[PDB]
C-alpha cells in the first residue's frame, strides 16, 4: 500500500536548491487532508479561480475579496510564496468590461470613432481593476500572471495574437496597459509574467517569443514567462520544453512552470478510463517515467526556472476530469498528479523525490 503524502519527504524540501514547489488551490482546500498535504509538500500557492477577474470584480465597482483574502492569509500564515492568477484573461472575466456606455457589446460597434472611445473606456476599466487588485495584494504576491493566454495557437493575424474581445477592442494595447499598470502599482521589484499554454510548441512558442521581444523593445515591463505545462505523457518532448525555456532565458526572462498536470490521455482525451480504479497500473508507470524526465530537466534548467506549480494537489480534484467527461459522454477520470485521490503517493512521487 502506498503511504500517505504527509508520511514521505517534502517535494519542496527536495527542490529547495532549485525552485519553489507550488499548487493551485480553492479556499475549501486549505483544510482537511488537502490542507495537510499543502503544508507538507509545497512552498508556493496560486488561486485556481478566486483571483480571476470575474472572481474579484463581478460587477462594475463591486469587488469581492473573501476567497482571494483566505488564500492570501493562508500563504502568510504558512510562509508560502504566492502567485497571482490573473489580472487579464478572456475567460472568467465579467462581460460588463466589454459593454459600451449604452450597455451593448463594444465588439459590435461599426463607427470607428466610437470604437476608439470604447478602446479608451475598456483600457480605463482595465487600469482600475489592476490598480485596485494590486494595491490590495502587492505586499503578498511574489509573481503576477499579468496577462494570460494572449497568444493564439494558430496565425489569425501577423503577430499571432489571440483575437479575443481584448484584442478586437484594443489590439495589443491591453497587454501594454496591463504590464505598465501592474509595474506602477506593484513596484519596481514585482515579478511580472505573461502566462500561456503550449509554450513548447510552434507556432505559438515563436509568437510568444516575438511578442515578448516586441514588448521589451518598447520598454514594457515584463520579467518572466509562465509555462502552463498542461502536458501529456509523450508530448511535448523534453527537448521541446528545454528549447522554449532556453529561448526565454536568453532574453533575460525568468521561467516558471505554472499549471503543471500530466494527463493520462492524448488530445482529444478519448477513450478515457471511466473510473479511477479502471486505470491500469501500467499507465501510472508511464506517467512516473514522464515525471522523472520532466523533473530531471527542471533541475537541469534551475538557473533559469524559479518555480514549478501543479494545477492542483491530488487526483481527487482536477479540471482534466471535466475534460475527460466532455469527450466521453459524461464519464471519465484523469489522474495527473503525484498524489492519488486519497492523498497516497503514486509511482510518480517516488520518481521525483529521488
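Numbering follows the first chain given and starts at 1.
### Query
Should the higher mean CA B-factor in the entry be assigned to 259-267 or to 224-232?
Taking the mean C-alpha B-factor of 259-267 and of 224-232, the larger value falls to 259-267.
### Task
On mean C-alpha B-factor from the PDB entry, just flag whether 105-113 or 140-148 is the higher one.
The stretch with the larger mean CA B-factor is 105-113.
### Query
Checking the entry, which one of 49, 307, 64, 43 has the top C-alpha B factor?
Answer for 49, 307, 64, 43: 64, with the highest C-alpha B-factor.
### Query
For the listed residues 135, 200, 254, 206, which one has the largest C-alpha B-factor as given in the deposited model?
Of 135, 200, 254, 206, 135 has the highest C-alpha B-factor.
### Task
Would you please rank residue 275 by its C-alpha temperature factor against the other modelled residues of its chain and give the third it falls in: lowest, middle or highest?
Highest third.
### Query
Lowest, middle or highest third of the chain for the C-alpha temperature factor of residue 237?
Middle third.
#### Entry: residue 54 by Cα B-factor - lowest, middle or highest third of the modelled chain
Middle third by C-alpha B-factor.
### Query
If you rank the chain by CA B-factor, which third does residue 312 end up in: lowest, middle or highest?
It falls in the bottom third of the chain.
### Task
Using the B-factor values recorded in the entry, state whether the Cα atom of residue 17 falls in the lowest, middle or highest third among the modelled residues of its chain.
For residue 17, whose C-alpha B-factor we compare with every modelled residue in the chain, the answer is the highest third.
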